[PDB]
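Report on the following structure.
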Amino acid sequence: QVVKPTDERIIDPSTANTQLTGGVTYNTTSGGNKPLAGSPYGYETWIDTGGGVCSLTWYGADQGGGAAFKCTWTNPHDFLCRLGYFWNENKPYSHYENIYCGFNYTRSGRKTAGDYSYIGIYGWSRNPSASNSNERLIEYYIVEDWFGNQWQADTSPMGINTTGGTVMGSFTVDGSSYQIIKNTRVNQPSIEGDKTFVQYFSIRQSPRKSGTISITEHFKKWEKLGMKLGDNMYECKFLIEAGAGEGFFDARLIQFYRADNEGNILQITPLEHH
């Protein structure tokens, strides 16, 4: 079985309501993962050159769980901003054991991020031994929240109308049902260039702005549904994606941590200084 950890370094997301200040700003496409100074985490941004202005401020290694950030966008064409674990070292998700993310943020309201948008956990994984050639590369999302659009409230879950693909199943974890979606992508931009790959989504049925995500539980459910991740996880990061519009995201807390099956902490931020 899996026991959840109990460690005083884990910040209660329900009470992490304090606006953060300071940190380091970036405002152009990063060119993939870039390591953050004095941090186990990397960030990645895509800020398209169409005329839109976007910005990221990382709150630094000492506060807000160590992976907290804000960002803003003005008329982007698909703004992506993510921060967290970068791995890409030929290890499956299960190598990293039980992965959790405690979070708390505020954000702009409904219709401030275009027709599609995503908030939550994101990454890629490679499955070289996949029987289906389409399924050798995987992009993944655990969607906690979004900005809705003119047809749908941000307080209601997005569906296949937005994500594309096919509903695969459901499970309940961290206080909500999640709908599972798989979408095969043909000739689209990926971390391996324009090609065919598969997307996996868990869409939280009750969207929220704070709590804890039991990331490994999603990985396990996907694999139980035959949605394989393979032996090479690329990254596991907290993402905001805005299709268009003009908005903000501002985290009081993004705290990644990992624990073994009995609940012993393997990695947590911040690290203590002396």
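Residue numbers (my numbering): 7 to 280. We put the beta carbon where it would ideally sit given N, CA and C, even for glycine.
>> For a test of the three-state rule: what should DSSP assign to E268, helix, strand or coil?
In response: As a first step, residue 268 must be located in the sequence shown, where it is residue number 262. Coil, per DSSP.
> Is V9 buried or exposed, if buried means 16 or more other CB atoms sit within 10 Å of its CB?
Replying inline: Residue numbering aside, residue 9 sits at position 3 when the sequence shown is read from its first letter. Flag for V9 reads exposed.
> Anyone know if the C-beta pair for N39 and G48 falls short of 8 angstroms?
Replying inline: Indexing the sequence shown from 1 puts residue 39 at position 33. Indexing the sequence shown from 1 puts residue 48 at position 42. Yes, these two residues count as a Cβ contact at 8 angstroms.
> Whose C-alpha, out of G71, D200 and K227, is nearest the C-alpha of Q185?
Replying inline: Numbered from its first residue, the sequence shown carries residue 185 at position 179. Residue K227 is the option with its Cα nearest to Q185.
> So what does DSSP say about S100, is it helix, strand or coil?
Replying inline: The count along the sequence shown starts at 1 and reaches residue 100 at position 94. Helix, per DSSP.
> With which residues is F92 paired in a DSSP beta bridge?
Replying inline: Here residue 92 refers to the residue found at position 86 of the sequence shown. Looking at the DSSP assignment, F92 forms a beta bridge with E241.
>> Relative to the C-alpha of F153, which candidate in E247, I260 and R258 has its C-alpha closest?
In response: Residue numbering aside, residue 153 sits at position 147 when the sequence shown is read from its first letter. The shortest C-alpha separation from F153 is found at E247.
> Skipping 5 residues on each side, what residues in its chain have a beta carbon closer than 6 angstroms to that of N155?
Replying inline: Residue 155 sits at position 149 when you count from the first residue of the sequence shown. Only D121 meet the Cβ criterion.
>> Rounded to the nearest angstrom, what separates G175 and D18 at their Cα positions?
In response: One-based indexing of the sequence shown puts residue 175 at position 169. One-based indexing of the sequence shown puts residue 18 at position 12. Looking at the two C-alpha atoms, the distance is approximately 30 angstroms.
>> Just to confirm, is the Cβ distance from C107 to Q261 under 8 angstroms?
In response: Counting from 1 along the sequence shown, the entry for residue 107 is found at position 101. Counting from 1 along the sequence shown, the entry for residue 261 is found at position 255. It is a contact, given that the beta carbons lie within the stated cut-off.
> So, using beta-carbon positions, are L89 and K243 closer together than 8 angstroms?
Replying inline: Indexing the sequence shown from 1 puts residue 89 at position 83. Indexing the sequence shown from 1 puts residue 243 at position 237. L89 places its beta carbon less than 8 angstroms from that of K243.
> For the 8 angstroms Cβ check, are there 3 or more pairs between the stretch 265 to 277 and the stretch 60 to 73?
Replying inline: Taking a contact to require three or more Cβ pairs closer than 8 angstroms, the stretch 265 to 277 and the stretch 60 to 73 qualify as touching.
> Whose C-beta lies closer than 7 angstroms to the C-beta of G57 among residues of the same chain, with five residues either side of it excluded?
Replying inline: Here residue 57 refers to the residue found at position 51 of the sequence shown. Closer than 7 angstroms at Cβ, skipping near neighbours: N81.
> What does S220 pair with, by DSSP beta-bridge criteria?
Replying inline: Looking up residue 220 in the sequence shown gives position 214. Its beta-bridge partners are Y106.
> So is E14 buried or exposed if we call it buried at 16+ other beta carbons inside 10 Å?
Replying inline: By 1-based counting over the sequence shown, the position of residue 14 is 8. Label assigned to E14: exposed.
> Rounded to whole angstroms, how far is the Cβ of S114 from the Cβ of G253, which I believe are closer than 8 angstroms?
Replying inline: As a working note, residue 114 is residue 108 in the sequence shown. As a working note, residue 253 is residue 247 in the sequence shown. Indeed they touch by this definition, with Cβ atoms about 4 angstroms apart.
> Name the DSSP bridge partner or partners of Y111?
Replying inline: As a working note, residue 111 is residue 105 in the sequence shown. Paired residue(s): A257.
>> As an exercise, report each continuous beta strand (DSSP E) stretch of at least 3 residues that is fully enclosed by the stretch 50 to 94, in chain order.
In response: 59 to 64, 75 to 80 and 85 to 92
>> Counting C-beta neighbours from all protein chains within 10 Å, is the total for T63 16 or more, i.e. buried, or is it exposed?
In response: Translated into the one-based positions of the sequence shown, residue 63 becomes position 57. It is buried - the Cβ of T63 has at least 16 other Cβ atoms within 10 Å.
>> Please list the terminal residues of the continuous alpha helix (DSSP H) segment that includes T34.
In response: Reading the sequence shown from its first residue, position 28 is the one you call residue 34. Neither: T34 is in no alpha helix (DSSP H) and is coded neither H nor E.
>> Our contact map puts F109 next to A265 with C-beta atoms below 8 angstroms; I'd like the distance itself, whole angstroms only.
In response: Counting from one through the sequence shown, the residue named residue 109 turns up at place 103. Counting from one through the sequence shown, the residue named residue 265 turns up at place 259. 17 angstroms between Cβ atoms; not a contact.
>> Which residue marks the beginning of the alpha helix (DSSP H) containing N167, and which one marks its end?
In response: Counting from one through the sequence shown, the residue named residue 167 turns up at place 161. Start and end: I166 to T169.
>> On the criterion of 16 or more Cβ atoms from any shown chain inside 10 Å, does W157 qualify as buried, or is it exposed?
In response: As a first step, residue 157 is located in the sequence shown; it is residue number 151 there, counting from the start. Classification for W157: exposed.
> In terms of residues, what are the limits of the beta strand (DSSP E) holding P195?
Replying inline: Taking the first residue of the sequence shown as 1, we reach residue 195 at position 189. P195 -> beta strand (DSSP E) spans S182 to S196.
> Nearest to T118 by alpha carbon, out of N267, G249, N270 and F177?
Replying inline: The count along the sequence shown starts at 1 and reaches residue 118 at position 112. Comparing Cα positions, the closest option is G249.
> How many whole angstroms separate the CB atoms of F85 and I53, which I take to be in contact at a CB cut-off of 8 angstroms?
Replying inline: The residue you call residue 85 lines up with position 79 of the sequence shown. The residue you call residue 53 lines up with position 47 of the sequence shown. Rounded, the Cβ-Cβ distance is 6 angstroms, consistent with contact.
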